[PDB]
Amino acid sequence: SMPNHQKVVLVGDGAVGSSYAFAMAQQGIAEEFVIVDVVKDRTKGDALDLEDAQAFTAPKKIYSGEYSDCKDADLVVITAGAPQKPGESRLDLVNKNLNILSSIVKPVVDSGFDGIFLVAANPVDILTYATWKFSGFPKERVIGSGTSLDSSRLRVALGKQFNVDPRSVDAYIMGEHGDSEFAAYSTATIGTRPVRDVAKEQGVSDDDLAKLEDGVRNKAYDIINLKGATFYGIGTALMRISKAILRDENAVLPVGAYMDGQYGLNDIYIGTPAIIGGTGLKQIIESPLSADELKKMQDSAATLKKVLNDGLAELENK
């Protein structure tokens, strides 16, 4: 933006977007943080509340804005989206969120913005592909949160089972982010040893690992049943991806990336290990999944593909 001064624009100030902003304030990442949402007064109240964290953390210019403020932004994070109502279908979550997204991306690009998009709005793989499509940006400049949140929940759960720090569990959730997703246990390790071997060694059966994987898959549902909403894990994950970009780290993170052959997939965004740096996605790393895990991945992707395309077809049914 101006010398030694990085600028992030948040589009979508709900609990996700807001706990992301607070995590970015606790971490001292970026020097200017713009909050954009249709509920303008909300964004003015949250900027005032957030900016009070500065006396004890690090200075940051936080304020309520508009899409034109994206002009010289380095990163635009899209968390804006509607929740799935009771009785509502999955394709209708897609439908309304594609609509909301198409209202966001065009003015963001028309502001002159040419930094990176980070997309976290659900369903995230569909909406990341659609952000790429609507913006016309290079694939590497559009990154989705993919399976970063669920991979963290798998790390927390394996960490808890095996009395290890979650950051020392090298494990990924693969597939499209919900119910068809699975723990990629075949490529998962703790201290370079396979999680299944650590498991067997310690009396943890493959059934126990299956229940653990189920816990991870149901965790969003359980947190929403207990307290109404879930946002701390993805606010943190979005801060970690923003950090890899803004501190040019070339760090390996679970993100959503454009498939160009990897895993036998094409023209979809889906969750992968990938190297993230200051220009965006540097490269995709294909986790060497077992034959069973790769079938799961391709199945999950096949149906994601179908829903991505119905959604987009309906968006052009004018």
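When you see a residue number, it is the position in the sequence shown, counting from 1.
Legend entry - Given 218 to 226 and 147 to 155, the range whose Cα B-factors average higher in the PDB entry: Taking the mean B-factor of the alpha carbons in each, 218 to 226 is higher.
Legend entry - Selected stretch [higher average CA B-factor]: 252 to 260 or 34 to 42: Mean B over CA atoms: larger for 252 to 260.
Inset, instruction - By the entry's C-alpha temperature factors, tell me which of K160, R240, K211, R247 sits highest. - result: The listed residue with the largest C-alpha B-factor is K211.
Legend entry - From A184, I126, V204, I116, residue of greatest CA B-factor: Highest C-alpha B-factor among the listed residues goes to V204.
Legend entry - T79 - Cα temperature factor, lowest/middle/highest third of chain: As the PDB entry reports it, the C-alpha B-factor of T79 lands in the lowest third of its chain.
Inset, instruction - Name the third of the chain's ranked CA B-factors that contains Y172, choosing lowest, middle or highest. - result: CA B-factor rank for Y172: highest third.
Inset, instruction - Tell me, lowest, middle or highest third: where does the Cα B factor of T189 rank within its chain? - result: According to the entry, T189 has a C-alpha B-factor in the chain's middle third.
Inset, instruction - Consider only the C-alpha atoms of the modelled residues in this chain, order them by B-factor as the entry records it, and name the third containing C70: lowest, middle or highest. - result: Middle third by C-alpha B-factor.
Inset, instruction - Among all modelled residues of this chain, ranked by Cα B factor, put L50 in the bottom, middle or top third, i.e. lowest, middle or highest. - result: According to the entry, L50 has a C-alpha B-factor in the chain's lowest third.
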